[PDB]
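Given next, in structure tokens, is a single chain: the form solved without the named molecule.
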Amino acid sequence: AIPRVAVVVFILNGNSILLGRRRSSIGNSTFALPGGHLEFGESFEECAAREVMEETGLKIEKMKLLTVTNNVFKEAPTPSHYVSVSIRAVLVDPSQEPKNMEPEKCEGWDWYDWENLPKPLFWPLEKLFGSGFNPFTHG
């Protein structure tokens, strides 16, 4: 009945970000970022590191705020409204590789080059990229 807060993480690895196909009632099979719901009392940075750990096993650091998007899902089975806070981060150990830690929510994680992204993107992400957003150009 109310807008809910989610945190999504751009893990910047060379020229690539991490994406995985959703297993979900909303945006099923589309490519999306790791992340999830902000917990009460939790900071954006703690949420980003926690969700990434829980979903991918990756240890990330240097979390920085990117932007925020308003995602109203009208056609969902139960209508939902999410406010999506995006975070950029990098691996702690640069040799790390993801693991599909939550196979019920995701088909698997992989690195995709910014200029060879997969399709279809989860539509909030498609809309953000369509606006010209680029997580690599904020120093």
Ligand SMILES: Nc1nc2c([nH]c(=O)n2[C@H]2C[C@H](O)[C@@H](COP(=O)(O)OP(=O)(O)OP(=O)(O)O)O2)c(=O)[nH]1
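Here, rigid core means the biggest group of C-alpha atoms that superpose within 1.5 Å across both forms. Residues carry their position along the shown sequence, with the first being 1.
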Core-aligned CA RMS in 4 other deposited structures of this protein: between 40-48 and 74-82 the higher one is 74-82
Stretch with the higher entry mean CA B-factor, where the candidates are 86-94 and 28-36: 28-36
Of 53-61 and 71-79, the one with larger mean CA B-factor: 71-79
If you rank the chain by CA B-factor, which third does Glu102 end up in: lowest, middle or highest? highest
Chain thirds by Cα B factor, record data; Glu46 belongs to the middle
Classify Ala1 as lowest, middle or highest third according to the C-alpha B-factor given in the PDB entry, relative to its own chain. highest
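Heads up, the form deposited with the named molecule bound isn't pictured, but that's what we're talking about next.
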Of the options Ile26, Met101, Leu66, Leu91, which one has a non-hydrogen atom that comes within 4.5 Å of the named molecule in the deposited complex? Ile26
Can you say which of 57-65, 93-101, 77-85, 110-118 gets within 4.5 Å of the named molecule in the deposited complex, counting heavy atoms only? 77-85
Just checking whether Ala49 would be counted as a contact of the named molecule in the deposited complex - the rule being heavy atoms within 4.5 angstroms. no
Close approach of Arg22 to the named molecule in the deposited complex, 4.5 Å, heavy atom: yes
Residue-level contact is defined here as any heavy atom of the residue lying within 4.5 Å of the named molecule in the deposited complex; does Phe73 satisfy this criterion? yes
Scan 23-49 and write down, in order along the chain, each residue with a heavy atom lying within 4.5 Å of the named molecule in the deposited complex. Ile26, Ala32, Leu33, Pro34, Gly35, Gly36, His37
